[PDB]
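*Asks:* kindly generate the corresponding structure for this input.
(chains A, B and C)
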Amino acid sequence: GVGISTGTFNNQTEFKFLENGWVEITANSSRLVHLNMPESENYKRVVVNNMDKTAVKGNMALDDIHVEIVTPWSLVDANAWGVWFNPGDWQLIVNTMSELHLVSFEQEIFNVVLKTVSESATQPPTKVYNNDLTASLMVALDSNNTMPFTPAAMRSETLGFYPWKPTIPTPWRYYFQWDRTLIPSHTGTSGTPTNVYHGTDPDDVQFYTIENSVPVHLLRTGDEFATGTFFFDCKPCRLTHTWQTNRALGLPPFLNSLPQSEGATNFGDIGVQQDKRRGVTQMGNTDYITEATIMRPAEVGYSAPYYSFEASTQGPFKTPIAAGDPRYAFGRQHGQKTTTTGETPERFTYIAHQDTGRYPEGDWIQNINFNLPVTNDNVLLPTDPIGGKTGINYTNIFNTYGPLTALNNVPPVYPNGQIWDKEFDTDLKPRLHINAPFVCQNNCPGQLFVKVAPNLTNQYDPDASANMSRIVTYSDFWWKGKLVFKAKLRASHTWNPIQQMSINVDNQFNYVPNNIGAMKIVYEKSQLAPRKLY
Amino acid sequence: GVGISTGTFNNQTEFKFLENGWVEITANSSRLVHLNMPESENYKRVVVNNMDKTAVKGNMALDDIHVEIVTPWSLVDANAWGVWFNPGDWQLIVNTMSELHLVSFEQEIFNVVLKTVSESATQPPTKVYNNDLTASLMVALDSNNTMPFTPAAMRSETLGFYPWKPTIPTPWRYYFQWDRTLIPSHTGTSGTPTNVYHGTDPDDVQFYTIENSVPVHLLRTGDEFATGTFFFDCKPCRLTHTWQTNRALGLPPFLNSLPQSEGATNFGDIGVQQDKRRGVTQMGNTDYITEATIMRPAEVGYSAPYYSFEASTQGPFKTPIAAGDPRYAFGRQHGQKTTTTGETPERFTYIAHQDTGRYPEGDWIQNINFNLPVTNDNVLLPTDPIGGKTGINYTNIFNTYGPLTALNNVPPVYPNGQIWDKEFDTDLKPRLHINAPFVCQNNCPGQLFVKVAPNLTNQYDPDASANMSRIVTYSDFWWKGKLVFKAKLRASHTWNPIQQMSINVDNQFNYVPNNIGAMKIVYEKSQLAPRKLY
Amino acid sequence: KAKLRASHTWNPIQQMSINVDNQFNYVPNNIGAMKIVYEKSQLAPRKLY
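*Replies:* Numbering: from 1, shown residues only, chains lettered A, B, ... in the order given. Now the structure:
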């Protein structure tokens, strides 16, 4: 079946309007993947140590020591908005829909090709490329999710973001258990602190192998491989933002005095002594009913320790937060001006709100007796130092998460954000994930692994440390996916128009190529349109 | 499917006589198309500036500044009479039919082949060509006309005109919005006039991509691609010409005196005083009923400003005209002696009539009072200067188009003329197109795009400005189309014979090859045969 | 009766939106004064040919 294609190229996205403001978005995405022979046909357990870095009292956060099992397989990840939608599409989705539902997903590998490089060592010397018509491309689709979940979006290693630009899969590797101790220290810290990699705990050792836990298919040119259709089990993602804070929840105080002429200084006036007002308060002490005192239903948002690093058996790690900022570093293949030189990533900090965010500088604590103006001794301000440290206040320690905490889930981040994420297999689970807006609880699509089957030479001896020598082979194959969403059309509820993504005299050139054909994909806001929270 | 052809070569034209003087013309045309790897796999936005040319006060019409998006795709255009009929056929159609109807059109791509060039750098050095049996030729047929309409006939870039001569598709590119100002000036104009390219208006930016809006097929040798049958929606094209002008419309004046002996000077005579004649006039003043005064039904033809250039946001452009002359520059592959040297196009000015044409030199205007012989002060002649310019008369400004304008559509121009054209998507539309005799209103065939899929080498890195290096590949494939017309057989209505295309002792050698095998296709008249207009 | 628009280009397009500049052309004032500002209607290119 050499002279016959086994698939079709399709990179169109279709919006099929169903019944009652609900539409069905079908994002088709296909690409040409380039894959090289494994640098090593073996599984390696590799340790990464960098104490020297962390050895510098004050450089703890720069800790990279970990252990990973390097597999001879590559992973074809497409989990990132940039892989399915282009700027124009994102505008549409983001501007006219009000919520998105992730529905199904399927992939296929067609028109497989395997070539061979001959080093025609003549003069220059030359180099030749030929077709190995009988060579095979190994494919494995871990449907039962046996293998560790390794989303490539976290290291900006997904498939390209341009339909017309060949891409490639990423070398697959996963974490291996290890013990490590690193004790905090600042510039002044005396003597060498404790910084040591202890090793591996036998009881947590898990050496995974694809061969052993997943059936492998060998695809020759004539062959093709197709995944079935997976249907997710995720909650709907919203494309609306709330803005209210406890200070804007409920019936505003009745103004007994209203302005009588336009004017920035023409304010209205409640017109009632702060301690002779009616209403509800949760302060059994005072008779003071103020906008900061009046009782609200619950609390929109919470406060958490900032730049807090906790430690467990593998080392320190930043205490994650649900507030509002992700920082995305990437490049060339996923945005970053294509013609850009050097090897410095491009990046952005997607800022998302005032929906649950906090201004620490505005926080403060007072003595139960109240008694204002409050005395310095009865107030702990975000200015008074903790532990004697000049740069540490109670807020860095503070946590106001509790039974009344209201909160929203992560918004979509085009085009660098991950789309769906697998849930933790713990008995109690995170009320949300910080990395993706969609989390398949029970079932998530299985990972797809590719690998160029070993093209041996006439000389091969299993019983020899040597290192099998094989014909230089590589494979190019097309990949095609289909991600289906279900979305609801938004409606206008206010008299005033609203936030909409548009092209300006300023963005204009972030959506077109240049005289050299350089390109780039700029990030974009996703939940632009207020929604009444209460 | 490597060793098996997937199509048939057919370049015959069949005339199937139906019932009642109507015949069905089936023009089959197949060809061998040669296609090379894209010089760039990317889409580029390229600006073309040439102010220096236009900077020469008086060289405005020579303005070429524009912006275009260069796509990595080639377009297979067959829209030109020369692609479907040869001289012999055109004679038949043109000589015996009286009107033509464009009916259907279909294409197919078969016997695809992809080769690879090896630079055997030995001594000379050598060069080698091989078959890439697993390589693919990308094909896209824009059925929904998503892409901008770019007829290749306007730049003489259609498929060849000879069945036995391999041809090639043209690199596809389309216009991109831009702003540009250029102010008129003549040789004497003082100071530098305004000539500037302002840039791009964000609101009119449209970056089109095939990958994103059209499904692509990958054809390997064994594969083949066929379009369905498209049925046009166009008015019938006539193969008859009218000759009457207002001066020949109606009942001629009754001659009271007729000649009595042969003689070029033996004229007939109306025999009635010009102001004592009966009849109808639209001049409420005079009693003068002259052949130039008598009333006619409406007006055959109209007058328009000549060598008028208008300006809109992209620059100046000639004010188009419906009168009677197109100028066709082309070469080698579409006529022009095949063996001709140099790089100077061949060309002709198809002159078409006296059907609606005007002789400005004969125009004149007089004062309502009439009063003849007319006084110089009561006459504006095509001689008296306008604006003081010695070379400008009112006729260059003049426009006599109105509610009584009768007029015919463009005639077919063999073999360089375009056949059908897409209609403008404006609310009000042109009563006709100047470029083709057939205009599909609602539906026009979709454009067919070809492109050699990227043949990568073992070294490929998506995340590198570099410039993907790929194996030198190219493809040859056969193309075959079928354009079907419906025509009516003409009848003899006069006692006298009529204009017919024929071979003379003079054309004779414009229809045969030479001792070297050189060839050429000479243009020919199409509506040769008078038709009564009134 | 209206038809929903589709995205045909790779680039986003002109859309009416609220700015830090129009903002107050869509809300009343302390006196309850109001006003309705005019707006563009056919914002979105269409291929003419």
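
*Asks:* from here on, just use CA atoms for contacts and neighbour counts.
*Replies:* Will do.

*Asks:* identify the residues contacting the residue lying closest to residue A:183 once chain neighbours are set aside.
*Replies:* Excluding the flanking residues, the one nearest residue A:183 by Cα to Cα, 6 or more residues apart in numbering or on different chains is residue A:194, at 5.3 Å. Listed by Cα atoms under 8 Å, 6 or more residues apart in numbering or on different chains, the contact partners of residue A:194 are A:181-183.

*Asks:* over to residue A:96?
*Replies:* Residue A:96 sits next to A:489-490 when contact means Cα under 8 Å, 6+ apart.

*Asks:* please save the CA atoms from the lengthiest helix in chain A in PDB.
*Replies:* Counting by DSSP state H, the longest helix found in chain A is helix A:87-96. What follows is helix A:87-96 as a C-alpha-only set of coordinates in PDB (Å, rounded to 0.1, in the frame of the first residue of the first chain):
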ATOM      1  CA  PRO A  87      -7.100  34.100  16.700                       C
ATOM      2  CA  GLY A  88     -10.200  34.600  14.600                       C
ATOM      3  CA  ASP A  89     -11.900  31.600  16.200                       C
ATOM      4  CA  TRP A  90     -11.000  32.600  19.700                       C
ATOM      5  CA  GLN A  91     -12.600  36.000  19.100                       C
ATOM      6  CA  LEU A  92     -15.800  34.400  18.100                       C
ATOM      7  CA  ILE A  93     -16.000  31.900  20.900                       C
ATOM      8  CA  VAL A  94     -14.900  34.400  23.500                       C
ATOM      9  CA  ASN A  95     -17.100  37.300  22.200                       C
ATOM     10  CA  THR A  96     -20.400  35.600  21.500                       C
END
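
*Asks:* quick check: buried residues in the helix or strand just after it?
*Replies:* Reading on from helix A:87-96 to the C-terminus, the next helix or strand found by DSSP states H and E is strand A:97-118. Buried residues in strand A:97-118, counting neighbours by 16 or more other Cα atoms under 10 Å in any protein chain shown, are found at A:97-117.

*Asks:* equivalent analysis for stretch A:42-52, please.
*Replies:* Per 16+ other Cα under 10 Å, stretch A:42-52 contains these buried residues: residue A:51.

*Asks:* ok, how many other residues are close to the residue in chain A positioned nearest to chain B?
*Replies:* Proximity of chain A to chain B (Cα to the nearest Cα) peaks at residue A:517, 4.0 Å away. Neighbourhood size, residue A:517 [other Cα atoms under 10 Å in any protein chain shown]: 19.

*Asks:* contacting residues around it?
*Replies:* By Cα under 8 Å, 6+ apart, the neighbours of residue A:517 are B:42-45.

*Asks:* just the buried ones from the contacts of residue A:194?
*Replies:* Among the contacts of residue A:194, those buried by neighbour count (16+ other Cα under 10 Å) are residue A:182.

*Asks:* turn the contacts of residue A:194 into a markdown table, columns for secondary structure.
*Replies:* Shown next, in a markdown table, are the contacts of residue A:194 (DSSP: H, G, I helix; E, B strand; the rest coil):
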| residue | secondary structure |
| --- | --- |
| A:181 | strand |
| A:182 | strand |
| A:183 | coil |
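
*Asks:* and residue A:208, how far is that from chain C?
*Replies:* 42 Å (Cα to the nearest Cα, to the nearest Å).

*Asks:* what parts of the stretch 251-400 of chain A come near chain C?
*Replies:* By the rule Cα under 8 Å from any Cα of the partner chain, the part of the stretch 251-400 of chain A lying against chain C is A:258-263, A:266-267.

*Asks:* any idea how far apart the tips of stretch A:231-245 sit?
*Replies:* 36 Å (Cα to Cα, to the nearest Å).

*Asks:* so what touches it?
*Replies:* If you take Cα under 8 Å, 6+ apart as the criterion, stretch A:231-245 is touched by A:94, A:97-105, A:299-300, A:353-356, A:409, A:411, A:437-445, A:526-534.

*Asks:* what's the first-to-last distance across stretch A:52-61?
*Replies:* 13 Å.

*Asks:* quick one: buried residues of that stretch?
*Replies:* Within stretch A:52-61, the residues that count as buried by 16+ other Cα under 10 Å are A:54-55, A:57, A:59-60.

*Asks:* most distant residue from the centre of chain A?
*Replies:* Here the centre of chain A is the reference, and by Cα atoms, centre = their mean the most remote residue is residue A:260, at 51.6 Å.

*Asks:* is it true that residue A:314 touches residue A:179?
*Replies:* Yes. Counting by Cα atoms under 8 Å, residue A:314 does reach residue A:179; the two are 5.2 Å apart.

*Asks:* show me the beta-bridge partners of the residue of the stretch 301-450 of chain A found nearest chain C.
*Replies:* Nearest residue of the stretch 301-450 of chain A to chain C, counting by Cα to the nearest Cα: residue A:414, 13.1 Å away. Residue A:414 forms beta bridges with residue A:524, as assigned by DSSP bridges.

*Asks:* my guess is it contacts residue A:523. True?
*Replies:* Yes. Counting by Cα under 8 Å, residue A:523 is a contact partner of residue A:414 at 5.4 Å.

*Asks:* where does the nearest residue to residue A:58 once chain neighbours are set aside fall, phi/psi-wise?
*Replies:* Using Cα to Cα, 6+ apart and skipping residues adjacent in sequence, the residue nearest residue A:58 is residue A:186, 4.2 Å away. With angles defined as degrees, to the nearest 10, residue A:186 sits at phi -120, psi 170.
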